[PDB]
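Read the structure below first, then the notes.
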Amino acid sequence: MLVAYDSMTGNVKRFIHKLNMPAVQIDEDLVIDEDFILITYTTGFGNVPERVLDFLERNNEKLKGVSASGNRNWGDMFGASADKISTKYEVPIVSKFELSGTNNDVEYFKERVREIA
Ligand SMILES: Cc1cc2nc3c(=O)[nH]c(=O)nc-3n(C[C@H](O)[C@H](O)[C@H](O)COP(=O)(O)O)c2cc1C
Ligand SMILES: C[As](C)(=O)[O-]
Ligand SMILES: [Zn+2]
Ligand SMILES: [Zn+2]
Ligand SMILES: [Zn+2]
Ligand SMILES: [Zn+2]
């Protein structure tokens with residue numbers, strides 16, 4: 001299962017390297033031609049980062065689920081980028097995790113993708 005991701009300060013990037021799954025960094029010409037899971041971080045007041053919004057405008061056809069990195073100090077805004085993407089594109093929230101994730105977060109992601117794929 002291909003994982004598409006973006007990371008500003010490296011936490012999501014660290015997480016996707018722990019997964020050892022096929023993974024691609026988002027950019028403005030990337031076109032994904034296969035089912036994929038998105039991993040995003042959360043920015044500002046519960047928001048999806050602009051680069052991720054731009055990518056999804058072009059590539060949502062094959063989106064099968066979303067995970068978010070965030071921080072529980074945001075309370076009910078924790079991982080709210082995933083809530084927004086799930087609600088809009090009608091795909092499941094695979095998982096939410098803090099920062100670069102724990103080993104349990106890594107294993108849970110993989111188990112959940114195996115269920116969804
Ligand atoms: C300005 C600011 C706003 C943030 N907004 C949220 C938020 O609304 N919800 C959340 O769960 N985390 C929020 N975060 C936490 C980041 O999503 C978290 O640090 C994430 O691991 C960053 O991923 P990256 O290192 O891959 O860029 C915020 C962080 C910053 C610095
Ligand atoms: C080439 As990579 C897995 O660091 O996005
Ligand atoms: Zn790498
Ligand atoms: Zn834009
Ligand atoms: Zn736009
Ligand atoms: Zn709130």
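Simple scheme: letters A, B, ... for chains in structure tokens order, numbers from 1 for residues in each chain, numbers from 1 for ligands in the order shown.
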
Contacts of ligand 4, 9 Å or closer, only C-alpha atoms and all ligand atoms, given as an MDAnalysis selection string: chainID A and resid 50:55 57

Residue contacts of residue 18 of chain A (7 Å, only C-alpha atoms) excluding same-chain residues fewer than 3 positions away, as a PyMOL selection string: chain A and resi 14-15+106

Find the residues near residue 101 of chain A: any atom within 12 Å, counting only C-alpha atoms, skip ones fewer than 4 places away on the same chain, and give them as an mmCIF file with C-alpha atoms, in the first residue's frame.
```cif
data_model
loop_
_atom_site.group_PDB
_atom_site.id
_atom_site.type_symbol
_atom_site.label_atom_id
_atom_site.label_comp_id
_atom_site.auth_asym_id
_atom_site.auth_seq_id
_atom_site.Cartn_x
_atom_site.Cartn_y
_atom_site.Cartn_z
ATOM 1 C CA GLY A 10 10.286 16.238 10.173
ATOM 2 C CA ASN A 11 7.938 14.368 12.534
ATOM 3 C CA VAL A 12 5.746 12.835 9.823
ATOM 4 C CA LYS A 13 8.898 12.070 7.814
ATOM 5 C CA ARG A 14 10.361 10.234 10.772
ATOM 6 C CA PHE A 15 7.118 8.245 11.178
ATOM 7 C CA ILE A 16 6.974 7.142 7.537
ATOM 8 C CA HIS A 17 10.581 5.897 7.725
ATOM 9 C CA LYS A 18 9.558 3.669 10.688
ATOM 10 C CA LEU A 19 6.816 2.103 8.556
ATOM 11 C CA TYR A 41 0.409 16.859 10.020
ATOM 12 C CA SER A 67 -3.706 9.499 9.241
ATOM 13 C CA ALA A 68 -2.663 12.681 11.088
ATOM 14 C CA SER A 69 0.291 13.598 13.191
ATOM 15 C CA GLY A 70 -0.590 16.202 15.835
ATOM 16 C CA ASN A 71 -0.295 17.051 19.505
ATOM 17 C CA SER A 95 -5.086 6.684 12.895
ATOM 18 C CA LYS A 96 -4.008 9.783 14.808
ATOM 19 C CA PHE A 97 -0.640 9.939 16.560
ATOM 20 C CA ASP A 105 1.438 3.929 16.667
ATOM 21 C CA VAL A 106 3.564 2.447 13.861
ATOM 22 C CA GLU A 107 2.191 -1.053 14.337
ATOM 23 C CA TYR A 108 -1.403 0.182 14.668
ATOM 24 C CA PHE A 109 -1.125 2.094 11.383
#
```

Atom CA of residue 32 of chain A to atom CA of residue 7 of chain A, straight-line distance in Å: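 Between atom CA of residue 7 of chain A and atom CA of residue 32 of chain A the gap works out to 18.1 Å.
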
Of the listed residues A:20, A:79, A:94, A:5, that which approaches residue 115 of chain A most closely, counting only C-alpha atoms: A:94

All alpha helix (DSSP H) positions in chain A, as a ChimeraX atom specification: /A:11-19,50-59,80-89,103-116

Output file for the selection above: C-alpha atoms, as an mmCIF file, in the first residue's frame:
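Wrote it out as out_28.cif, contents follow:
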```cif
data_model
loop_
_atom_site.group_PDB
_atom_site.id
_atom_site.type_symbol
_atom_site.label_atom_id
_atom_site.label_comp_id
_atom_site.auth_asym_id
_atom_site.auth_seq_id
_atom_site.Cartn_x
_atom_site.Cartn_y
_atom_site.Cartn_z
ATOM 1 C CA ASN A 11 7.938 14.368 12.534
ATOM 2 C CA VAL A 12 5.746 12.835 9.823
ATOM 3 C CA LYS A 13 8.898 12.070 7.814
ATOM 4 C CA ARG A 14 10.361 10.234 10.772
ATOM 5 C CA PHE A 15 7.118 8.245 11.178
ATOM 6 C CA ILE A 16 6.974 7.142 7.537
ATOM 7 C CA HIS A 17 10.581 5.897 7.725
ATOM 8 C CA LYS A 18 9.558 3.669 10.688
ATOM 9 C CA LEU A 19 6.816 2.103 8.556
ATOM 10 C CA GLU A 50 -1.978 24.122 2.207
ATOM 11 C CA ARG A 51 0.403 21.902 0.268
ATOM 12 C CA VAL A 52 -1.677 18.856 1.309
ATOM 13 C CA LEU A 53 -4.937 20.613 0.353
ATOM 14 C CA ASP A 54 -3.468 21.429 -3.055
ATOM 15 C CA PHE A 55 -2.333 17.869 -3.579
ATOM 16 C CA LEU A 56 -5.714 16.436 -2.597
ATOM 17 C CA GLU A 57 -7.519 18.786 -4.946
ATOM 18 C CA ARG A 58 -5.665 17.009 -7.736
ATOM 19 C CA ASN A 59 -5.310 13.402 -6.357
ATOM 20 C CA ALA A 80 -8.187 17.645 13.161
ATOM 21 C CA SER A 81 -6.617 17.641 9.674
ATOM 22 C CA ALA A 82 -7.644 13.967 9.503
ATOM 23 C CA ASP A 83 -11.233 14.841 10.583
ATOM 24 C CA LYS A 84 -11.498 17.419 7.820
ATOM 25 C CA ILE A 85 -10.121 15.103 5.093
ATOM 26 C CA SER A 86 -12.182 12.106 6.239
ATOM 27 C CA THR A 87 -15.401 14.130 6.315
ATOM 28 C CA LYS A 88 -14.834 15.819 2.960
ATOM 29 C CA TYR A 89 -13.629 12.839 0.886
ATOM 30 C CA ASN A 103 6.239 2.018 18.191
ATOM 31 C CA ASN A 104 2.647 1.180 19.018
ATOM 32 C CA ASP A 105 1.438 3.929 16.667
ATOM 33 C CA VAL A 106 3.564 2.447 13.861
ATOM 34 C CA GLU A 107 2.191 -1.053 14.337
ATOM 35 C CA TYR A 108 -1.403 0.182 14.668
ATOM 36 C CA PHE A 109 -1.125 2.094 11.383
ATOM 37 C CA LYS A 110 0.054 -1.021 9.567
ATOM 38 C CA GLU A 111 -2.655 -3.192 11.102
ATOM 39 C CA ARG A 112 -5.331 -0.670 10.164
ATOM 40 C CA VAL A 113 -4.112 -0.342 6.563
ATOM 41 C CA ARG A 114 -4.218 -4.133 6.242
ATOM 42 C CA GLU A 115 -7.879 -3.962 7.302
ATOM 43 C CA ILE A 116 -8.792 -1.131 4.916
#
```

Contacts of residue 23 of chain A within 7 Å, only C-alpha atoms, excl. fewer than 6 positions in-chain, as a PyMOL selection string: chain A and resi 2-4

Site check for ligand 6: residues at most 7 Å away, only C-alpha atoms and all ligand atoms, as a ChimeraX atom specification: /A:75-77

Counting only C-alpha atoms and all ligand atoms, the option among A:21, A:8, A:31, A:48 closest to ligand 5: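 The closest residue to ligand 5 is A:48.
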
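Taking only C-alpha atoms and all ligand atoms into account, ligand 5 lies nearest to A:49 out of the set A:49, A:35, A:73, A:26.
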